[PDB]
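Engineer: Got upload.cif for you, mmCIF, C-alpha atoms and all ligand atoms:
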```
data_structure
#
loop_
_atom_site.group_PDB
_atom_site.id
_atom_site.type_symbol
_atom_site.label_atom_id
_atom_site.label_comp_id
_atom_site.auth_asym_id
_atom_site.auth_seq_id
_atom_site.Cartn_x
_atom_site.Cartn_y
_atom_site.Cartn_z
ATOM 1 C CA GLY A 1 24.566 -32.178 4.568
ATOM 2 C CA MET A 2 24.081 -30.163 2.570
ATOM 3 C CA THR A 3 21.949 -27.361 4.064
ATOM 4 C CA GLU A 4 19.716 -25.541 1.575
ATOM 5 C CA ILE A 5 20.488 -21.829 1.234
ATOM 6 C CA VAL A 6 18.284 -19.634 -0.956
ATOM 7 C CA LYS A 7 19.890 -16.627 -2.637
ATOM 8 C CA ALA A 8 17.999 -13.335 -2.741
ATOM 9 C CA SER A 9 17.188 -12.115 -6.248
ATOM 10 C CA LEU A 10 19.091 -9.020 -7.376
ATOM 11 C CA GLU A 11 17.199 -6.495 -9.496
ATOM 12 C CA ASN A 12 17.204 -2.690 -9.662
ATOM 13 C CA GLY A 13 20.077 -2.689 -7.174
ATOM 14 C CA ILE A 14 17.781 -4.262 -4.590
ATOM 15 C CA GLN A 15 17.941 -7.863 -3.433
ATOM 16 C CA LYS A 16 14.526 -9.368 -2.713
ATOM 17 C CA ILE A 17 13.312 -12.650 -1.269
ATOM 18 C CA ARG A 18 10.047 -14.031 0.105
ATOM 19 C CA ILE A 19 9.771 -16.149 3.249
ATOM 20 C CA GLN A 20 6.696 -18.112 4.304
ATOM 21 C CA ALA A 21 5.909 -18.511 7.998
ATOM 22 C CA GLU A 22 4.097 -21.816 8.524
ATOM 23 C CA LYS A 23 5.486 -24.814 10.382
ATOM 24 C CA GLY A 24 8.796 -22.974 10.493
ATOM 25 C CA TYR A 25 10.171 -20.432 8.044
ATOM 26 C CA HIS A 26 10.556 -21.385 4.386
ATOM 27 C CA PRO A 27 13.182 -20.823 3.246
ATOM 28 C CA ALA A 28 14.757 -20.766 6.708
ATOM 29 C CA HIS A 29 18.234 -20.024 5.359
ATOM 30 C CA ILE A 30 18.991 -17.294 2.840
ATOM 31 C CA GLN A 31 22.005 -15.562 1.308
ATOM 32 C CA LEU A 32 22.453 -11.805 0.907
ATOM 33 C CA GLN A 33 25.080 -9.662 -0.823
ATOM 34 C CA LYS A 34 26.898 -7.155 1.398
ATOM 35 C CA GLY A 35 26.184 -3.482 0.711
ATOM 36 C CA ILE A 36 23.038 -4.065 -1.349
ATOM 37 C CA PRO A 37 19.708 -2.906 0.141
ATOM 38 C CA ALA A 38 17.680 -5.977 1.094
ATOM 39 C CA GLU A 39 13.918 -6.433 1.186
ATOM 40 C CA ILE A 40 12.829 -9.638 2.883
ATOM 41 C CA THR A 41 9.094 -10.206 2.588
ATOM 42 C CA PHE A 42 7.545 -12.397 5.272
ATOM 43 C CA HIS A 43 4.075 -13.882 4.855
ATOM 44 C CA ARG A 44 2.397 -15.134 8.020
ATOM 45 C CA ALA A 45 0.379 -18.144 6.865
ATOM 46 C CA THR A 46 -0.471 -19.465 10.328
ATOM 47 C CA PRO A 47 -2.886 -18.305 13.050
ATOM 48 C CA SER A 48 -0.338 -19.353 15.699
ATOM 49 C CA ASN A 49 0.901 -16.375 17.698
ATOM 50 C CA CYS A 50 4.322 -18.026 17.870
ATOM 51 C CA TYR A 51 4.786 -16.168 14.571
ATOM 52 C CA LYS A 52 3.238 -12.807 15.519
ATOM 53 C CA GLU A 53 6.628 -11.062 15.411
ATOM 54 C CA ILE A 54 9.750 -11.057 13.242
ATOM 55 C CA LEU A 55 13.118 -10.563 14.932
ATOM 56 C CA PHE A 56 16.407 -9.517 13.352
ATOM 57 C CA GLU A 57 18.293 -8.822 16.580
ATOM 58 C CA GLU A 58 21.565 -7.723 14.989
ATOM 59 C CA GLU A 59 19.745 -5.119 12.896
ATOM 60 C CA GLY A 60 17.666 -3.928 15.847
ATOM 61 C CA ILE A 61 14.540 -5.009 13.997
ATOM 62 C CA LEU A 62 11.426 -6.308 15.751
ATOM 63 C CA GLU A 63 8.280 -6.158 13.645
ATOM 64 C CA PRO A 64 4.738 -7.368 14.333
ATOM 65 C CA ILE A 65 2.948 -9.330 11.624
ATOM 66 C CA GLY A 66 -0.738 -10.218 11.537
ATOM 67 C CA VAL A 67 -2.426 -13.395 10.354
ATOM 68 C CA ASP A 68 -2.277 -13.639 6.550
ATOM 69 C CA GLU A 69 -0.363 -10.355 6.383
ATOM 70 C CA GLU A 70 2.896 -9.639 4.554
ATOM 71 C CA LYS A 71 5.608 -7.467 6.100
ATOM 72 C CA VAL A 72 8.730 -6.266 4.291
ATOM 73 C CA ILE A 73 11.849 -6.276 6.460
ATOM 74 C CA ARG A 74 14.314 -3.725 5.088
ATOM 75 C CA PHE A 75 18.004 -3.241 5.796
ATOM 76 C CA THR A 76 21.363 -3.038 4.052
ATOM 77 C CA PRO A 77 23.594 -5.895 5.277
ATOM 78 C CA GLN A 78 27.089 -4.618 6.108
ATOM 79 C CA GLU A 79 28.632 -7.392 8.214
ATOM 80 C CA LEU A 80 29.798 -10.597 6.520
ATOM 81 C CA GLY A 81 28.907 -14.054 7.800
ATOM 82 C CA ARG A 82 25.957 -15.988 9.198
ATOM 83 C CA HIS A 83 23.355 -14.090 11.232
ATOM 84 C CA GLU A 84 20.194 -15.312 12.944
ATOM 85 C CA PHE A 85 16.615 -14.216 12.433
ATOM 86 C CA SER A 86 13.675 -15.714 14.299
ATOM 87 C CA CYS A 87 10.141 -15.175 15.506
ATOM 88 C CA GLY A 88 9.651 -12.849 18.462
ATOM 89 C CA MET A 89 9.762 -15.836 20.812
ATOM 90 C CA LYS A 90 13.056 -17.100 19.385
ATOM 91 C CA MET A 91 11.379 -20.520 19.035
ATOM 92 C CA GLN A 92 11.341 -20.630 15.232
ATOM 93 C CA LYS A 93 14.709 -19.767 13.706
ATOM 94 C CA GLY A 94 16.401 -19.040 10.392
ATOM 95 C CA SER A 95 19.610 -17.477 9.146
ATOM 96 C CA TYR A 96 20.923 -14.992 6.641
ATOM 97 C CA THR A 97 24.473 -15.321 5.377
ATOM 98 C CA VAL A 98 26.033 -12.131 4.056
ATOM 99 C CA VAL A 99 28.621 -12.639 1.316
ATOM 100 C CA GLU A 100 30.914 -10.257 -0.562
HETATM 101 CL CL CL A 201 4.337 -20.521 21.043
HETATM 102 CU CU CU A 202 7.656 -18.361 17.533
HETATM 103 CU CU CU A 203 6.504 -19.599 20.292
#
```
Can you present the structure in this file as structure tokens?
Structural biologist:
Amino acid sequence: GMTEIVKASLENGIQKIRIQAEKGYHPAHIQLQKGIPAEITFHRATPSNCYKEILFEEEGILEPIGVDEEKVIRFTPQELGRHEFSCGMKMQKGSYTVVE
């Protein structure tokens, strides 16, 4: 250890954070506050189709993302703890930890 966790920035009652998709997700591990609307912006910086989709299974989210495009994943985290996000193939993984 330790594992690097990046906290989402709180402003205007929204928590925002940007994630780059290229040779994995960066940051791969983030922290979110429970009950605050979250906007997680993914940028696909690779032409590999391994990254053509963004999956947040526990939120029922599955979103396509094109080469060099940015997609905002929006939800309000309600369940505490560590949750997984990944590409649509579940080959490249990350996590979001929801704290009180
Ligand atoms: Cl692949
Ligand atoms: Cu993938
Ligand atoms: Cu893949």
Engineer: Any chance you could work out the residue set of the PyMOL selection byres (((chain A and resi 37) around 9) and not hetatm) here, as number ranges by chain?
Structural biologist: A: 13-16, 33-36, 38-39, 74-77
Engineer: List the spatial neighbours of stretch 64-73 of chain A as a list in words - criterion: any atom at most 8 Å away, all atoms listed in the file, same-chain residues fewer than 6 positions off excluded.
Structural biologist: residues 38, 39, 40, 41, 42, 43, 44, 45, 46, 47, 51, 52, 53 and 54 of chain A
Engineer: Dump C-alpha atoms for the selected residues as a compact mmCIF listing (two decimals), in the coordinates of the input?
Structural biologist:
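again.txt, freshly written:
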```
# COMPACT_ATOMS: atom_id res chain seq x y z
CA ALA A 38 17.68 -5.98 1.09
CA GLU A 39 13.92 -6.43 1.19
CA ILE A 40 12.83 -9.64 2.88
CA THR A 41 9.09 -10.21 2.59
CA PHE A 42 7.54 -12.40 5.27
CA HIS A 43 4.08 -13.88 4.86
CA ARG A 44 2.40 -15.13 8.02
CA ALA A 45 0.38 -18.14 6.86
CA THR A 46 -0.47 -19.46 10.33
CA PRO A 47 -2.89 -18.30 13.05
CA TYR A 51 4.79 -16.17 14.57
CA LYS A 52 3.24 -12.81 15.52
CA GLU A 53 6.63 -11.06 15.41
CA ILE A 54 9.75 -11.06 13.24
```
Engineer: Per residue of chain A within 12 Å of ligand CU 203 (chain A), note the shortest atom pair and the distance in Å to one decimal, counting all atoms listed in the file, and order the rows by chain and increasing residue number, as CSV.
Structural biologist:
```
residue,atom,partner,partner_atom,distance
A:23,CA,A:CU203,CU,11.2
A:24,CA,A:CU203,CU,10.6
A:47,CA,A:CU203,CU,11.9
A:48,CA,A:CU203,CU,8.2
A:49,CA,A:CU203,CU,7.0
A:50,CA,A:CU203,CU,3.6
A:51,CA,A:CU203,CU,6.9
A:52,CA,A:CU203,CU,8.9
A:53,CA,A:CU203,CU,9.8
A:54,CA,A:CU203,CU,11.5
A:86,CA,A:CU203,CU,10.1
A:87,CA,A:CU203,CU,7.5
A:88,CA,A:CU203,CU,7.7
A:89,CA,A:CU203,CU,5.0
A:90,CA,A:CU203,CU,7.1
A:91,CA,A:CU203,CU,5.1
A:92,CA,A:CU203,CU,7.1
A:93,CA,A:CU203,CU,10.5
```
Engineer: So how many Å separate atom CA of residue A:20 and atom CA of residue A:94, to one decimal?
Structural biologist: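 Distance reported for this atom pair: 11.5 Å.
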Engineer: Nearest to ligand CU 202 (chain A) among A:80, A:31, A:9, A:85, with distances taken over all atoms listed in the file: which residue is it?
Structural biologist: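 The shortest atom-to-atom distance to ligand CU 202 (chain A) comes from A:85.
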Engineer: So that I can see what lies close to residue A:27, please list as a list in words the residues with an atom at most 10 Å from it, counting all atoms listed in the file and leaving out residues fewer than 3 positions away in the same chain.
Structural biologist: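 Residues near the query, excluding close chain neighbours: residues 4, 5, 6, 7, 17, 18, 19, 20, 21, 24, 30, 94 and 95 of chain A.
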Engineer: So how far away is atom CL of ligand CL 201 (chain A) from atom CA of residue A:61, in Å?
Structural biologist: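 Distance reported for this atom pair: 19.9 Å.
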Engineer: Which polymer residues have any atom within 7 Å of an atom of residue A:96, counting all atoms listed in the file, with same-chain residues fewer than 2 positions away left out, as a list in words?
Structural biologist: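 Using all atoms listed in the file, the neighbours found are residues 29, 30, 31, 32, 82, 83, 84 and 98 of chain A.
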Engineer: Take atom CA of residue A:79 and atom CA of residue A:59 and report the distance between them in Å, one decimal.
Structural biologist: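 Separation between atom CA of residue A:79 and atom CA of residue A:59: 10.3 Å.
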Engineer: Centre and edge lengths, as lines of an AutoDock Vina configuration file, for the axis-aligned box enclosing every listed atom of stretch 22-27 of chain A with 5 Å of padding on each of the six sides, in Å to one decimal?
Structural biologist:
```
center_x = 8.6
center_y = -22.6
center_z = 6.9
size_x = 19.1
size_y = 14.4
size_z = 17.2
```
